[PDB]
Every structure is written in structure tokens, then in C-alpha cells.
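Each remark here refers to the structure printed beneath this line.
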Amino acid sequence: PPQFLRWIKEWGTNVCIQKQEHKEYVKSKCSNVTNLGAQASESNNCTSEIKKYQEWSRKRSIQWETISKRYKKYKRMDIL
């Protein structure tokens, strides 16, 4: 792979493996919340945890603001 595609791939591999990890934790527990049980003993911390996870993930979302710049273009690879 070319270095630019290689870097976005190794960035992408880091990013893609990250997206399922959030899904794996949510599906395992702290899903289906507020309807009398959320696969947890407390069911209150899970809402805070996912909100806490999202806020830095949105900070992770905002830290690729350079991808709009990169060198000249962004929308070259959106395969996965």
C-alpha cells in the first residue's frame, strides 16, 4: 500500500478496531437502558460510562479535523 494509504490504513486499523470495541462493550452490558434493567446491577453508571466514552470518542472524532486538509483531499478512502 502507498504510504498515504498505508498511514490511513494503520490509522484506519486503529480506528476500525476501536468502533467495534465500543459496540462489544455496549452489547455485552449497558444496552437496552431505562426499560427496567440494562444488563447491570446498577443501571445508572452505564449511562454515564457510555456518555463518558462518547465525549472523548467525539474528541477522537474531532482530532481527525486534519483529514479534511491532509495534503489536498479527504474523500479518497471510506471503504471501512
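A short reminder: the numbers here are calculations on the coordinates, not readings from a lab. Here Cβ is always computed from backbone atoms with ideal geometry, including for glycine, and neighbour counts include all displayed protein chains.
A few points about this structure:
- Angle in degrees between helix 45-63 and the longest Cα principal axis of the chain, rounded to the nearest 10: 10
- Farthest toward the positive end of the dipole of the chain, out of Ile8, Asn45, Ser28, is the Cα of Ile8, where the dipole comes from beta carbon charges about the Cα centre.
- Stretching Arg60 away from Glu21 to a fully extended chain increases their span by 12.6 nm, per 0.36 nm per residue minus the current alpha-carbon distance.
- Remark: for residue pairs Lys9/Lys73; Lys19/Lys72; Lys52/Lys73; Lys9/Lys75; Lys51/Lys75; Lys27/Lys69, the C-alpha separation exceeds 23 Å in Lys19/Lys72; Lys52/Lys73; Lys51/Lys75; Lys27/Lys69.
- Here is the short version for the chain: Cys16 have no other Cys C-beta closer than 4.7 Å.
- Principal-axis analysis of the Cα atoms of the chain puts helix 3-28 at an angle of about 10° to the longest axis.
- Stretching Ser28 away from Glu42 to a fully extended chain increases their span by 3.5 nm, per 0.36 nm per residue minus the current alpha-carbon distance.
- Each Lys and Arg adds +1 at its Cβ and each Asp and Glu adds -1 at its Cβ; summed about the Cα centre, the chain shows a dipole of about 620 debye.
- Tensor-based shape of the chain (alpha-carbon gyration tensor, a/c under 1.5 rounded, otherwise prolate or oblate): prolate
- Neighbourhood charge, 13 Å Cβ-Cβ cut-off, centred on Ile8 and excluding it, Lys, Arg +1 and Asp, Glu -1: +4
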